Each structure stands twice: as structure tokens, then as C-alpha cells.
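Respectively, the protein sequence lines represent chains P and M. Remember, PDB author numbering sits 16 above the position in the first sequence when you count from 1. Those letters in the second sequence? Residues 500 to 501, 15 to 17, 20 to 106, per PDB author numbering, in order.
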Amino acid sequence: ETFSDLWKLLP
Amino acid sequence: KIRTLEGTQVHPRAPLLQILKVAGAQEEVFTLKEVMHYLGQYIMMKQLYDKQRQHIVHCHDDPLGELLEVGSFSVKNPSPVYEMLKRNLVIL
Numbered sequence: 017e018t019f020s021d022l023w024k025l026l027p
Numbered sequence: 500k501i015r016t017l020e021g022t023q024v025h026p027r028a029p030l031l032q033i034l035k036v037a038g039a040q041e042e043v044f045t046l047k048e049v050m051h052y053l054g055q056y057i058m059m060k061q062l063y064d065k066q067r068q069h070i071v072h073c074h075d076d077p078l079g080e081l082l083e084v085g086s087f088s089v090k091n092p093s094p095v096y097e098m099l100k101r102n103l104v105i106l
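Below is the structure:
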């Protein structure tokens, strides 16, 4: 997974 | 400093605002989700994420490190970020 995929997956 | 962090407008103190501006912000007033937006832009643009293990952000010789007060964090352990935000946002 890419950082931006992981980032937008945030509360 | 805030205790608990939709649509509510925040004004970031100067240290945080600098980082948001570098990230591309054209604004003095933000929503929380606009802050998180630009914060993620900043890590992207600056390439602070570890390139093999991209949930890890190395922020140690960077103005963001100074704000968070850690050398690294995990996107899956986002506490340093939320805690920095209540330290750095004025909630009107």
C-alpha cells in the first residue's frame, strides 16, 4: 500500500 | 489548547500554518479535514514516509518532527498527530 492510500484511511 | 477536536473552523498557530502553506494552503481558516488533507500532502510532497513500509513516516530532521515531538510515527498509531493538533489549533 502507498502512503496516500493509508493516509486517507483515517478518522 | 483544545481537549476534544464537522464544519467547525480552526485557526492554526503559526508553526502549523507554515507547514500547511508549504503543503499548498491558500487560507488562514480551515476545517479539521482540510488540516489533515494538507498534512498528508506535506508528507507526500516532502516524501517523509518510509518507502518500503509506507505506513511509517520519518519526520526527525523536519519542521513536522518539531511539531509532533517524535522522530517517527505510524499512520496506524496517529496519536502524535491528534495531540499535536489540539496543541496547535484554535477552535473559535
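Where is the CB? At the ideal position from N, CA and C, for every residue including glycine.
From this set, the options, which residue's C-alpha is nearest residue i's C-alpha?
i	options	result
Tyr63 (chain M)	M:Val49, M:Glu48, M:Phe44, M:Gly85	M:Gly85
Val36 (chain M)	M:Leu103, M:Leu78, M:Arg101, M:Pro94	M:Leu78
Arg67 (chain M)	M:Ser88, M:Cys73, M:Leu81, M:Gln55	M:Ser88
Tell me whether residue i sits in a helix, a strand or coil according to DSSP, three-state version.
i	result
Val104 (chain M)	strand
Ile70 (chain M)	strand
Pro29 (chain M)	helix
Just to confirm, are residue i and residue j a CB contact at a threshold of 8 Å?
i	j	result
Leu46 (chain M)	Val24 (chain M)	yes
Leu17 (chain M)	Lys100 (chain M)	yes
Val104 (chain M)	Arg27 (chain M)	yes
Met50 (chain M)	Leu25 (chain P)	no
Check whether the Cβ of residue i sits closer than 7 Å to any heavy atom of the ligand ZN, and report yes or no.
i	result
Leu82 (chain M)	The ligand ZN is absent from the structure shown, which contains no ligand whatsoever.
Within its chain, find whatever has a CB closer than 7 Å to the CB of residue i; leave out the 5 residues flanking it on each side and keep chain order.
i	result
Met59 (chain M)	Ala37
To which residues of the same chain is residue i closer than 8 Å at the C-beta, ignoring the five residues directly before and after it?
i	result
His72 (chain M)	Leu62, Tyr63, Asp64, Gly85, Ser86
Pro29 (chain M)	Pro77, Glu80, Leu81, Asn102
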